[PDB]
Every structure is written in structure tokens, then in C-alpha cells.
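**Q** Take a look at query.txt, compact mmCIF, N, CA and C atoms:
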```txt
# COMPACT_ATOMS: atom_id res chain seq x y z
N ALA A 627 -5.57 19.88 14.15
CA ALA A 627 -4.41 19.37 13.36
C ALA A 627 -4.55 17.86 13.20
N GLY A 628 -3.90 17.31 12.17
CA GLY A 628 -3.95 15.88 11.92
C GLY A 628 -3.13 15.50 10.69
N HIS A 629 -2.35 14.44 10.80
CA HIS A 629 -1.52 13.98 9.69
C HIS A 629 -2.22 12.88 8.91
N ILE A 630 -2.19 12.98 7.59
CA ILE A 630 -2.82 11.97 6.74
C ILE A 630 -1.77 11.31 5.85
N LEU A 631 -1.82 9.98 5.77
CA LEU A 631 -0.87 9.24 4.95
C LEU A 631 -1.56 8.70 3.70
N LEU A 632 -0.94 8.92 2.54
CA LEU A 632 -1.53 8.47 1.28
C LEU A 632 -0.51 7.74 0.40
N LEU A 633 -0.86 6.54 -0.04
CA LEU A 633 0.00 5.76 -0.92
C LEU A 633 -0.62 5.71 -2.31
N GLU A 634 0.09 6.23 -3.30
CA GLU A 634 -0.43 6.24 -4.66
C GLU A 634 0.69 6.39 -5.68
N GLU A 635 0.43 5.95 -6.90
CA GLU A 635 1.42 6.05 -7.97
C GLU A 635 0.92 6.98 -9.06
N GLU A 636 1.83 7.82 -9.57
CA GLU A 636 1.51 8.78 -10.62
C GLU A 636 1.37 10.18 -10.03
N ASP A 637 2.29 11.07 -10.40
CA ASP A 637 2.27 12.44 -9.90
C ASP A 637 0.95 13.13 -10.21
N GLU A 638 0.38 12.83 -11.37
CA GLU A 638 -0.88 13.45 -11.78
C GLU A 638 -2.03 13.03 -10.88
N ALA A 639 -2.11 11.74 -10.58
CA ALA A 639 -3.19 11.23 -9.73
C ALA A 639 -3.01 11.69 -8.29
N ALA A 640 -1.77 11.62 -7.80
CA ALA A 640 -1.47 12.03 -6.44
C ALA A 640 -1.72 13.52 -6.26
N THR A 641 -1.40 14.30 -7.29
CA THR A 641 -1.60 15.74 -7.23
C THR A 641 -3.07 16.08 -7.06
N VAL A 642 -3.92 15.40 -7.82
CA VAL A 642 -5.36 15.64 -7.74
C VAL A 642 -5.88 15.42 -6.32
N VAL A 643 -5.58 14.24 -5.77
CA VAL A 643 -6.03 13.91 -4.42
C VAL A 643 -5.48 14.90 -3.40
N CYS A 644 -4.19 15.19 -3.51
CA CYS A 644 -3.54 16.12 -2.58
C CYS A 644 -4.18 17.50 -2.67
N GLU A 645 -4.57 17.90 -3.87
CA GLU A 645 -5.18 19.21 -4.06
C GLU A 645 -6.48 19.32 -3.27
N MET A 646 -7.27 18.25 -3.27
CA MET A 646 -8.54 18.26 -2.55
C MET A 646 -8.31 18.33 -1.04
N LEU A 647 -7.48 17.44 -0.52
CA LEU A 647 -7.19 17.42 0.90
C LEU A 647 -6.40 18.66 1.31
N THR A 648 -5.43 19.04 0.49
CA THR A 648 -4.63 20.22 0.79
C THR A 648 -5.54 21.43 0.95
N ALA A 649 -6.54 21.52 0.07
CA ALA A 649 -7.49 22.62 0.13
C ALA A 649 -8.30 22.54 1.42
N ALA A 650 -8.50 21.32 1.91
CA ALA A 650 -9.26 21.12 3.13
C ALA A 650 -8.46 21.56 4.35
N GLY A 651 -7.19 21.92 4.13
CA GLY A 651 -6.33 22.37 5.22
C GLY A 651 -5.58 21.21 5.87
N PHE A 652 -5.77 20.01 5.34
CA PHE A 652 -5.09 18.83 5.89
C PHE A 652 -3.83 18.51 5.11
N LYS A 653 -2.81 18.02 5.81
CA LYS A 653 -1.54 17.67 5.17
C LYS A 653 -1.53 16.20 4.79
N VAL A 654 -1.19 15.93 3.53
CA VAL A 654 -1.13 14.56 3.04
C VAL A 654 0.24 14.26 2.44
N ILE A 655 0.76 13.07 2.73
CA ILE A 655 2.07 12.69 2.21
C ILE A 655 1.92 11.67 1.08
N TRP A 656 2.60 11.93 -0.03
CA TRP A 656 2.53 11.03 -1.18
C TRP A 656 3.71 10.07 -1.20
N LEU A 657 3.43 8.79 -0.97
CA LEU A 657 4.48 7.77 -0.97
C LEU A 657 4.26 6.77 -2.09
N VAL A 658 5.36 6.34 -2.72
CA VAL A 658 5.27 5.37 -3.81
C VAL A 658 5.63 3.97 -3.33
N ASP A 659 5.90 3.84 -2.03
CA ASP A 659 6.25 2.54 -1.47
C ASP A 659 5.78 2.42 -0.03
N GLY A 660 5.20 1.27 0.31
CA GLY A 660 4.71 1.03 1.66
C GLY A 660 5.84 1.11 2.68
N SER A 661 7.01 0.60 2.31
CA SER A 661 8.15 0.62 3.21
C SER A 661 8.51 2.05 3.59
N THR A 662 8.33 2.96 2.64
CA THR A 662 8.62 4.37 2.88
C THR A 662 7.67 4.91 3.94
N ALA A 663 6.41 4.48 3.86
CA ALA A 663 5.40 4.91 4.81
C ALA A 663 5.73 4.44 6.22
N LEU A 664 6.15 3.18 6.34
CA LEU A 664 6.49 2.63 7.64
C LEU A 664 7.61 3.43 8.30
N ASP A 665 8.58 3.85 7.49
CA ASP A 665 9.71 4.61 8.00
C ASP A 665 9.25 5.94 8.60
N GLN A 666 8.31 6.59 7.92
CA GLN A 666 7.80 7.87 8.40
C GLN A 666 6.59 7.67 9.32
N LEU A 667 5.68 6.81 8.90
CA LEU A 667 4.47 6.55 9.68
C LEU A 667 4.80 6.37 11.16
N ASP A 668 5.85 5.62 11.45
CA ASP A 668 6.24 5.39 12.83
C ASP A 668 6.61 6.70 13.50
N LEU A 669 7.23 7.59 12.74
CA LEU A 669 7.64 8.89 13.27
C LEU A 669 6.47 9.86 13.39
N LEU A 670 5.67 9.99 12.32
CA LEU A 670 4.54 10.91 12.34
C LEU A 670 3.32 10.29 13.02
N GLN A 671 3.20 8.97 12.93
CA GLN A 671 2.06 8.29 13.54
C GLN A 671 0.77 9.03 13.21
N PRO A 672 0.24 8.80 12.04
CA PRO A 672 -1.01 9.46 11.58
C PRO A 672 -2.26 8.78 12.12
N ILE A 673 -3.36 9.52 12.16
CA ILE A 673 -4.62 8.98 12.66
C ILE A 673 -5.47 8.44 11.51
N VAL A 674 -5.06 8.75 10.28
CA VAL A 674 -5.78 8.28 9.10
C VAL A 674 -4.81 7.85 8.01
N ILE A 675 -5.07 6.68 7.41
CA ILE A 675 -4.20 6.18 6.35
C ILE A 675 -5.01 5.80 5.11
N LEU A 676 -4.72 6.45 3.99
CA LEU A 676 -5.42 6.15 2.74
C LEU A 676 -4.48 5.41 1.79
N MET A 677 -5.00 4.39 1.12
CA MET A 677 -4.19 3.62 0.19
C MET A 677 -4.97 3.30 -1.08
N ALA A 678 -4.32 3.52 -2.23
CA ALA A 678 -4.95 3.24 -3.51
C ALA A 678 -5.15 1.74 -3.69
N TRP A 679 -6.24 1.35 -4.34
CA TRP A 679 -6.52 -0.06 -4.56
C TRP A 679 -6.44 -0.44 -6.05
N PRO A 680 -6.45 0.50 -6.96
CA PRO A 680 -6.38 0.19 -8.42
C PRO A 680 -5.29 -0.84 -8.74
N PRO A 681 -5.36 -1.44 -9.90
CA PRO A 681 -4.37 -2.47 -10.33
C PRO A 681 -2.91 -2.04 -10.17
N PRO A 682 -2.52 -0.87 -10.66
CA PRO A 682 -1.11 -0.41 -10.54
C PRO A 682 -0.64 -0.41 -9.10
N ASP A 683 -1.58 -0.68 -8.19
CA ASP A 683 -1.27 -0.72 -6.77
C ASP A 683 -0.70 -2.07 -6.36
N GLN A 684 0.07 -2.08 -5.28
CA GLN A 684 0.67 -3.32 -4.79
C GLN A 684 1.49 -3.06 -3.53
N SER A 685 2.06 -1.86 -3.44
CA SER A 685 2.86 -1.49 -2.28
C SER A 685 1.99 -1.40 -1.03
N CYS A 686 0.71 -1.07 -1.23
CA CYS A 686 -0.21 -0.96 -0.11
C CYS A 686 -0.34 -2.29 0.62
N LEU A 687 -0.01 -3.37 -0.07
CA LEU A 687 -0.10 -4.70 0.52
C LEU A 687 0.89 -4.85 1.68
N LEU A 688 2.05 -4.21 1.55
CA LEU A 688 3.05 -4.28 2.60
C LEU A 688 2.55 -3.56 3.85
N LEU A 689 1.88 -2.43 3.65
CA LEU A 689 1.34 -1.67 4.77
C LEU A 689 0.32 -2.51 5.53
N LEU A 690 -0.51 -3.24 4.78
CA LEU A 690 -1.53 -4.08 5.38
C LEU A 690 -0.89 -5.13 6.28
N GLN A 691 0.25 -5.66 5.84
CA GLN A 691 0.95 -6.67 6.62
C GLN A 691 1.36 -6.08 7.96
N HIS A 692 1.84 -4.85 7.94
CA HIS A 692 2.26 -4.18 9.16
C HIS A 692 1.10 -4.11 10.14
N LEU A 693 -0.05 -3.65 9.65
CA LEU A 693 -1.24 -3.54 10.48
C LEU A 693 -1.57 -4.88 11.12
N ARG A 694 -1.39 -5.96 10.35
CA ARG A 694 -1.68 -7.29 10.86
C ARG A 694 -0.74 -7.66 12.00
N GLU A 695 0.52 -7.24 11.88
CA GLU A 695 1.51 -7.54 12.92
C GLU A 695 1.19 -6.77 14.20
N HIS A 696 0.73 -5.54 14.05
CA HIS A 696 0.39 -4.71 15.21
C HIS A 696 -1.03 -4.16 15.07
N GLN A 697 -1.94 -5.00 14.60
CA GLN A 697 -3.33 -4.59 14.41
C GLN A 697 -3.91 -4.09 15.73
N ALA A 698 -3.52 -4.73 16.82
CA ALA A 698 -4.01 -4.33 18.13
C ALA A 698 -3.11 -3.24 18.71
N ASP A 699 -3.67 -2.04 18.86
CA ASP A 699 -2.90 -0.92 19.40
C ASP A 699 -3.82 0.25 19.73
N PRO A 700 -3.73 0.78 20.93
CA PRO A 700 -4.57 1.94 21.35
C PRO A 700 -4.64 3.01 20.26
N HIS A 701 -5.71 3.80 20.28
CA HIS A 701 -5.88 4.85 19.29
C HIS A 701 -5.86 4.24 17.89
N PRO A 702 -6.78 3.35 17.61
CA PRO A 702 -6.88 2.65 16.29
C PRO A 702 -7.03 3.64 15.13
N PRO A 703 -6.04 3.72 14.27
CA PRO A 703 -6.08 4.64 13.09
C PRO A 703 -7.36 4.48 12.27
N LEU A 704 -7.25 4.72 10.97
CA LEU A 704 -8.39 4.61 10.05
C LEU A 704 -7.88 4.32 8.65
N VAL A 705 -8.34 3.22 8.06
CA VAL A 705 -7.90 2.85 6.71
C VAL A 705 -8.99 3.09 5.68
N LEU A 706 -8.64 3.82 4.62
CA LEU A 706 -9.58 4.11 3.55
C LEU A 706 -9.04 3.60 2.22
N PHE A 707 -9.92 3.02 1.41
CA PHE A 707 -9.51 2.52 0.10
C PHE A 707 -10.03 3.43 -1.00
N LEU A 708 -9.14 3.85 -1.89
CA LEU A 708 -9.52 4.73 -2.98
C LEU A 708 -9.86 3.93 -4.23
N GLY A 709 -10.80 4.43 -5.02
CA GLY A 709 -11.20 3.74 -6.24
C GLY A 709 -12.28 2.70 -5.97
N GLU A 710 -12.03 1.47 -6.40
CA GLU A 710 -13.00 0.39 -6.20
C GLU A 710 -12.75 -0.33 -4.87
N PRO A 711 -13.74 -1.01 -4.36
CA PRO A 711 -13.63 -1.75 -3.07
C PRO A 711 -12.91 -3.08 -3.22
N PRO A 712 -12.22 -3.51 -2.19
CA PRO A 712 -11.46 -4.80 -2.21
C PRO A 712 -12.39 -6.01 -2.34
N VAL A 713 -11.92 -7.04 -3.03
CA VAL A 713 -12.72 -8.24 -3.22
C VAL A 713 -12.65 -9.13 -1.98
N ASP A 714 -11.47 -9.20 -1.36
CA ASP A 714 -11.29 -10.02 -0.17
C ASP A 714 -12.01 -9.39 1.03
N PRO A 715 -12.65 -10.19 1.85
CA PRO A 715 -13.38 -9.69 3.05
C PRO A 715 -12.45 -9.27 4.18
N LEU A 716 -11.19 -9.71 4.12
CA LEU A 716 -10.23 -9.37 5.16
C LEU A 716 -9.86 -7.90 5.11
N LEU A 717 -9.72 -7.36 3.90
CA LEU A 717 -9.37 -5.96 3.75
C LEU A 717 -10.60 -5.10 4.01
N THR A 718 -11.76 -5.61 3.61
CA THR A 718 -13.01 -4.90 3.83
C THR A 718 -13.29 -4.77 5.32
N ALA A 719 -13.02 -5.85 6.05
CA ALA A 719 -13.25 -5.84 7.49
C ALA A 719 -12.33 -4.84 8.17
N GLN A 720 -11.08 -4.79 7.72
CA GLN A 720 -10.11 -3.86 8.30
C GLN A 720 -10.26 -2.47 7.68
N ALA A 721 -11.08 -2.37 6.64
CA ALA A 721 -11.30 -1.10 5.97
C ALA A 721 -12.17 -0.18 6.84
N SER A 722 -11.73 1.06 7.00
CA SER A 722 -12.49 2.02 7.80
C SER A 722 -13.54 2.72 6.95
N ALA A 723 -13.27 2.85 5.66
CA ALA A 723 -14.21 3.51 4.76
C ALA A 723 -13.77 3.40 3.31
N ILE A 724 -14.69 3.00 2.44
CA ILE A 724 -14.39 2.87 1.02
C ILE A 724 -14.76 4.16 0.29
N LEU A 725 -13.81 4.69 -0.49
CA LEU A 725 -14.05 5.93 -1.23
C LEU A 725 -14.20 5.66 -2.72
N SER A 726 -15.01 6.47 -3.38
CA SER A 726 -15.24 6.33 -4.81
C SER A 726 -15.95 7.55 -5.38
N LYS A 727 -17.19 7.75 -4.96
CA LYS A 727 -17.97 8.90 -5.42
C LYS A 727 -18.69 9.56 -4.25
N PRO A 728 -17.94 10.01 -3.28
CA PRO A 728 -18.50 10.68 -2.07
C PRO A 728 -18.87 12.14 -2.33
N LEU A 729 -19.99 12.57 -1.76
CA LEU A 729 -20.44 13.95 -1.93
C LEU A 729 -19.47 14.92 -1.26
N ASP A 730 -18.73 15.67 -2.07
CA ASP A 730 -17.78 16.65 -1.54
C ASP A 730 -16.80 16.01 -0.57
N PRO A 731 -15.59 16.51 -0.53
CA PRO A 731 -14.52 15.99 0.38
C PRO A 731 -14.89 16.18 1.85
N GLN A 732 -16.07 16.75 2.09
CA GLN A 732 -16.53 16.99 3.45
C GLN A 732 -16.82 15.68 4.16
N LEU A 733 -17.22 14.67 3.40
CA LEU A 733 -17.50 13.36 4.00
C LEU A 733 -16.21 12.80 4.58
N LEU A 734 -15.12 12.95 3.84
CA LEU A 734 -13.83 12.48 4.29
C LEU A 734 -13.46 13.15 5.61
N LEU A 735 -13.69 14.46 5.69
CA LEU A 735 -13.39 15.21 6.90
C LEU A 735 -14.20 14.67 8.07
N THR A 736 -15.44 14.29 7.78
CA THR A 736 -16.32 13.76 8.82
C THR A 736 -15.70 12.52 9.46
N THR A 737 -15.12 11.66 8.63
CA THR A 737 -14.49 10.44 9.13
C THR A 737 -13.33 10.78 10.06
N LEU A 738 -12.53 11.77 9.67
CA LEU A 738 -11.39 12.18 10.49
C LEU A 738 -11.87 12.76 11.82
N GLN A 739 -12.89 13.60 11.76
CA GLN A 739 -13.44 14.21 12.97
C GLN A 739 -14.09 13.15 13.87
N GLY A 740 -14.66 12.12 13.24
CA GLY A 740 -15.33 11.06 13.97
C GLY A 740 -14.44 10.45 15.05
N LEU A 741 -13.18 10.87 15.10
CA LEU A 741 -12.26 10.33 16.10
C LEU A 741 -12.51 10.98 17.47
N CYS A 742 -12.80 12.27 17.46
CA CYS A 742 -13.06 12.99 18.71
C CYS A 742 -11.93 12.76 19.70
N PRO A 743 -10.74 13.21 19.36
CA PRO A 743 -9.55 13.06 20.24
C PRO A 743 -9.51 14.14 21.32
N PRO A 744 -9.59 13.76 22.57
CA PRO A 744 -9.54 14.72 23.71
C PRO A 744 -8.12 14.95 24.21
N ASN A 745 -7.76 16.22 24.38
CA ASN A 745 -6.43 16.56 24.87
C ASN A 745 -6.43 17.93 25.54
```
As C-alpha cells - that is how I would like this structure written.
**A**
Amino acid sequence: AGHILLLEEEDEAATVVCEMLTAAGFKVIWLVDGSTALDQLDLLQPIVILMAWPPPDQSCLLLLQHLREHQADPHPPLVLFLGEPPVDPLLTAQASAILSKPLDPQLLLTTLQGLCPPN
């Protein structure tokens, strides 16, 4: 099991992404605002967080601020950028994996499994 957080705008675009992950058996939440994610993120506390980087994006910036405030914390999540890669090196450094044209959604699953959580 594992909760995945996704920030994106446009029901059509979000539906596509959700369809791929949903098919993978993973649950993804579609949020149109970073503040909304913080409200739930704290409650669900996901191990992976994906955020759109395209121009129509901007709410993801608020989420990044949160990470900066509590960047240091056991069980370090995972940040993935959808679309094109960030120009600033600060986001790239904090980026867990850049997505764009990955072979099958299986690569994404590999990143999630790469956590190896023992319980």
C-alpha cells in the first residue's frame, strides 16, 4: 500500500495521469492548490509527491516552501516533476526524479518501491 499526492490543473490532464497510476493499483489525489495538499498531506502523510511543472503551474511553489520549512524529517518522501525539468538547481537538487518520457509507468513504480519500508 502507498499514498501518492499529485498537484495538477485541468480535469482532462489529471484524469490521464490518474488513469495510469490508478491502473497501477496506486491511489492518487488530484489537488488544484498546494494549500489543499498541506491540509491533507499532513493527515495522509504520503511517501511520494508529484507536482506539475508546466507554465499553468504555480501552486506547487507553495508545497516547495513547506518542504523547505521542514525539509529535514525522518522517512524522506519523494518529489517528482512532471513535464519539463526545472531551470533552477534548487528544485532539481530537491527533485527525486524528473518525469517526461519514461518507459512504461513501471519506472515510476520502481521509484516508489525503492523506498523498501520495513514493518
**Q** Determine the nearest neighbour of residue A:629 from the options A:671, A:648, A:684, A:736, counting only C-alpha atoms.
**A**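 Result for the nearest residue to residue A:629: A:671.
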**Q** Nearest to residue A:706 among A:719, A:642, A:689, A:724, with distances taken over all atoms listed in the file: which residue is it?
**A**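 Smallest distance to residue A:706 is found for A:724.
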**Q** For the structure I just gave you, how does DSSP split chain A - specifically, which residues are strand (DSSP E)? Reply as a list in words.
**A**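 Of chain A, only residues 629, 630, 631, 632, 633, 653, 654, 655, 656, 657, 674, 675, 676, 677, 678, 705, 706, 707, 708, 723 and 724 of chain A fall in strand (DSSP E).
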**Q** Given the point (-13.3, 8.1, 8.6) in the file's coordinates, find the residues that have an atom at most 6.5 Å from it, counting only N, CA and C atoms, and give them as a PDB file with N, CA and C atoms, keeping the file's coordinate frame.
**A**
```
ATOM      1  N   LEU A 704      -7.250   4.720  10.970  1.00  0.00           N
ATOM      2  CA  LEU A 704      -8.390   4.610  10.050  1.00  0.00           C
ATOM      3  C   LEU A 704      -7.880   4.320   8.650  1.00  0.00           C
ATOM      4  N   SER A 722     -11.730   1.060   7.000  1.00  0.00           N
ATOM      5  CA  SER A 722     -12.490   2.020   7.800  1.00  0.00           C
ATOM      6  C   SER A 722     -13.540   2.720   6.950  1.00  0.00           C
ATOM      7  N   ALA A 723     -13.270   2.850   5.660  1.00  0.00           N
ATOM      8  CA  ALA A 723     -14.210   3.510   4.760  1.00  0.00           C
ATOM      9  C   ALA A 723     -13.770   3.400   3.310  1.00  0.00           C
ATOM     10  N   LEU A 734     -15.120  12.950   3.840  1.00  0.00           N
ATOM     11  CA  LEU A 734     -13.830  12.480   4.290  1.00  0.00           C
ATOM     12  C   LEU A 734     -13.460  13.150   5.610  1.00  0.00           C
ATOM     13  N   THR A 736     -15.440  14.290   7.780  1.00  0.00           N
ATOM     14  CA  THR A 736     -16.320  13.760   8.820  1.00  0.00           C
ATOM     15  C   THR A 736     -15.700  12.520   9.460  1.00  0.00           C
ATOM     16  N   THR A 737     -15.120  11.660   8.630  1.00  0.00           N
ATOM     17  CA  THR A 737     -14.490  10.440   9.130  1.00  0.00           C
ATOM     18  C   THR A 737     -13.330  10.780  10.060  1.00  0.00           C
ATOM     19  N   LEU A 738     -12.530  11.770   9.670  1.00  0.00           N
ATOM     20  CA  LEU A 738     -11.390  12.180  10.490  1.00  0.00           C
ATOM     21  C   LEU A 738     -11.870  12.760  11.820  1.00  0.00           C
ATOM     22  N   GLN A 739     -12.890  13.600  11.760  1.00  0.00           N
ATOM     23  CA  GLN A 739     -13.440  14.210  12.970  1.00  0.00           C
ATOM     24  C   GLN A 739     -14.090  13.150  13.870  1.00  0.00           C
ATOM     25  N   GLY A 740     -14.660  12.120  13.240  1.00  0.00           N
ATOM     26  CA  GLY A 740     -15.330  11.060  13.970  1.00  0.00           C
ATOM     27  C   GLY A 740     -14.440  10.450  15.050  1.00  0.00           C
TER      28      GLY A 740
END
```
**Q** Considering only C-alpha atoms, state which residue in the set A:721, A:634, A:650, A:711 is at the smallest distance from residue A:686.
**A**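 Going through A:721, A:634, A:650, A:711 one by one, the smallest distance to residue A:686 is for A:634.
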**Q** Could you check how far atom CA of residue A:667 sits from atom C of residue A:733, in Å to one decimal?
**A**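 Interatomic distance here is 22.2 Å.
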**Q** Could you state the separation of atom CA of residue A:679 and atom CA of residue A:703 in Å, given to one decimal place?
**A**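 Interatomic distance, atom CA of residue A:679 to atom CA of residue A:703: 18.3 Å.
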**Q** With distances taken over all atoms listed in the file, which residue among A:636, A:695, A:714, A:730 lies nearest residue A:657?
**A**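 Of the candidates, the smallest distance to residue A:657 is held by A:636.
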**Q** For a test of reading the model, state the distance in Å between atom CA of residue A:656 and atom N of residue A:745, rounded to one decimal.
**A** 28.0 Å
**Q** Excluding same-chain residues fewer than 4 positions from residue A:666, what lies within 12 Å of it counting only C-alpha atoms, as a ChimeraX atom specification?
**A** /A:629-632,655-657,659-662,670-672
**Q** Would you pull stretch 711-734 of chain A out of the block just shown and save N, CA, C and O atoms as a JSON list (two decimals), in the first residue's frame?
**A**
```
[["chain", "number", "residue", "atom", "x", "y", "z"],
["A", 711, "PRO", "N", 11.86, 19.63, -17.03],
["A", 711, "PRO", "CA", 12.66, 19.78, -15.78],
["A", 711, "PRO", "C", 12.81, 21.24, -15.36],
["A", 711, "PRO", "O", 12.84, 22.14, -16.19],
["A", 712, "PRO", "N", 12.92, 21.48, -14.07],
["A", 712, "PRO", "CA", 13.07, 22.86, -13.52],
["A", 712, "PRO", "C", 14.38, 23.50, -13.94],
["A", 712, "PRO", "O", 15.40, 22.82, -14.08],
["A", 713, "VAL", "N", 14.36, 24.81, -14.15],
["A", 713, "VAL", "CA", 15.56, 25.54, -14.56],
["A", 713, "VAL", "C", 16.46, 25.81, -13.35],
["A", 713, "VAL", "O", 17.68, 25.75, -13.45],
["A", 714, "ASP", "N", 15.84, 26.12, -12.21],
["A", 714, "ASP", "CA", 16.60, 26.40, -11.00],
["A", 714, "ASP", "C", 17.22, 25.12, -10.44],
["A", 714, "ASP", "O", 16.58, 24.07, -10.44],
["A", 715, "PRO", "N", 18.44, 25.18, -9.97],
["A", 715, "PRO", "CA", 19.15, 24.00, -9.40],
["A", 715, "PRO", "C", 18.63, 23.61, -8.02],
["A", 715, "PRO", "O", 18.88, 22.50, -7.55],
["A", 716, "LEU", "N", 17.92, 24.52, -7.37],
["A", 716, "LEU", "CA", 17.39, 24.25, -6.03],
["A", 716, "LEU", "C", 16.27, 23.22, -6.08],
["A", 716, "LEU", "O", 16.17, 22.35, -5.22],
["A", 717, "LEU", "N", 15.44, 23.31, -7.11],
["A", 717, "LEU", "CA", 14.34, 22.37, -7.25],
["A", 717, "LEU", "C", 14.86, 21.04, -7.78],
["A", 717, "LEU", "O", 14.38, 19.98, -7.40],
["A", 718, "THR", "N", 15.87, 21.13, -8.64],
["A", 718, "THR", "CA", 16.48, 19.93, -9.20],
["A", 718, "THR", "C", 17.16, 19.13, -8.11],
["A", 718, "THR", "O", 17.08, 17.90, -8.08],
["A", 719, "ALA", "N", 17.83, 19.83, -7.20],
["A", 719, "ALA", "CA", 18.52, 19.18, -6.10],
["A", 719, "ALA", "C", 17.52, 18.48, -5.19],
["A", 719, "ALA", "O", 17.76, 17.36, -4.72],
["A", 720, "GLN", "N", 16.40, 19.14, -4.93],
["A", 720, "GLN", "CA", 15.37, 18.57, -4.07],
["A", 720, "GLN", "C", 14.48, 17.61, -4.85],
["A", 720, "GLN", "O", 13.65, 16.91, -4.28],
["A", 721, "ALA", "N", 14.66, 17.58, -6.17],
["A", 721, "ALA", "CA", 13.87, 16.71, -7.02],
["A", 721, "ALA", "C", 14.31, 15.26, -6.86],
["A", 721, "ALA", "O", 15.51, 14.96, -6.92],
["A", 722, "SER", "N", 13.35, 14.36, -6.67],
["A", 722, "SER", "CA", 13.67, 12.94, -6.51],
["A", 722, "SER", "C", 13.76, 12.26, -7.87],
["A", 722, "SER", "O", 14.50, 11.28, -8.03],
["A", 723, "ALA", "N", 13.01, 12.77, -8.84],
["A", 723, "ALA", "CA", 13.02, 12.18, -10.17],
["A", 723, "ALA", "C", 12.22, 13.02, -11.16],
["A", 723, "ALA", "O", 11.08, 13.41, -10.88],
["A", 724, "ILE", "N", 12.81, 13.30, -12.32],
["A", 724, "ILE", "CA", 12.15, 14.08, -13.35],
["A", 724, "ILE", "C", 11.42, 13.16, -14.33],
["A", 724, "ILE", "O", 12.02, 12.22, -14.85],
["A", 725, "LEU", "N", 10.14, 13.43, -14.56],
["A", 725, "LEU", "CA", 9.36, 12.60, -15.48],
["A", 725, "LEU", "C", 9.08, 13.34, -16.79],
["A", 725, "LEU", "O", 8.94, 14.57, -16.80],
["A", 726, "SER", "N", 8.98, 12.59, -17.87],
["A", 726, "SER", "CA", 8.71, 13.17, -19.18],
["A", 726, "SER", "C", 8.35, 12.09, -20.19],
["A", 726, "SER", "O", 7.22, 12.02, -20.66],
["A", 727, "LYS", "N", 9.32, 11.23, -20.51],
["A", 727, "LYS", "CA", 9.09, 10.15, -21.46],
["A", 727, "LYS", "C", 9.68, 8.85, -20.92],
["A", 727, "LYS", "O", 10.55, 8.25, -21.55],
["A", 728, "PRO", "N", 9.23, 8.42, -19.78],
["A", 728, "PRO", "CA", 9.71, 7.16, -19.14],
["A", 728, "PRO", "C", 9.08, 5.92, -19.75],
["A", 728, "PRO", "O", 7.89, 5.91, -20.07],
["A", 729, "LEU", "N", 9.87, 4.86, -19.90],
["A", 729, "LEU", "CA", 9.38, 3.61, -20.46],
["A", 729, "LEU", "C", 8.36, 2.96, -19.53],
["A", 729, "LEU", "O", 8.72, 2.45, -18.47],
["A", 730, "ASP", "N", 7.10, 2.98, -19.93],
["A", 730, "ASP", "CA", 6.03, 2.37, -19.13],
["A", 730, "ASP", "C", 6.02, 2.94, -17.71],
["A", 730, "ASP", "O", 7.06, 3.28, -17.16],
["A", 731, "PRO", "N", 4.85, 3.02, -17.12],
["A", 731, "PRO", "CA", 4.68, 3.54, -15.73],
["A", 731, "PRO", "C", 5.38, 2.66, -14.70],
["A", 731, "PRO", "O", 5.33, 2.92, -13.50],
["A", 732, "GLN", "N", 6.03, 1.61, -15.19],
["A", 732, "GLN", "CA", 6.73, 0.68, -14.31],
["A", 732, "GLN", "C", 7.94, 1.35, -13.68],
["A", 732, "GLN", "O", 8.32, 1.03, -12.55],
["A", 733, "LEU", "N", 8.53, 2.31, -14.39],
["A", 733, "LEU", "CA", 9.68, 3.03, -13.86],
["A", 733, "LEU", "C", 9.25, 3.80, -12.62],
["A", 733, "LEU", "O", 9.95, 3.81, -11.60],
["A", 734, "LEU", "N", 8.08, 4.43, -12.71],
["A", 734, "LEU", "CA", 7.55, 5.19, -11.59],
["A", 734, "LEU", "C", 7.38, 4.28, -10.37],
["A", 734, "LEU", "O", 7.72, 4.66, -9.25]]
```
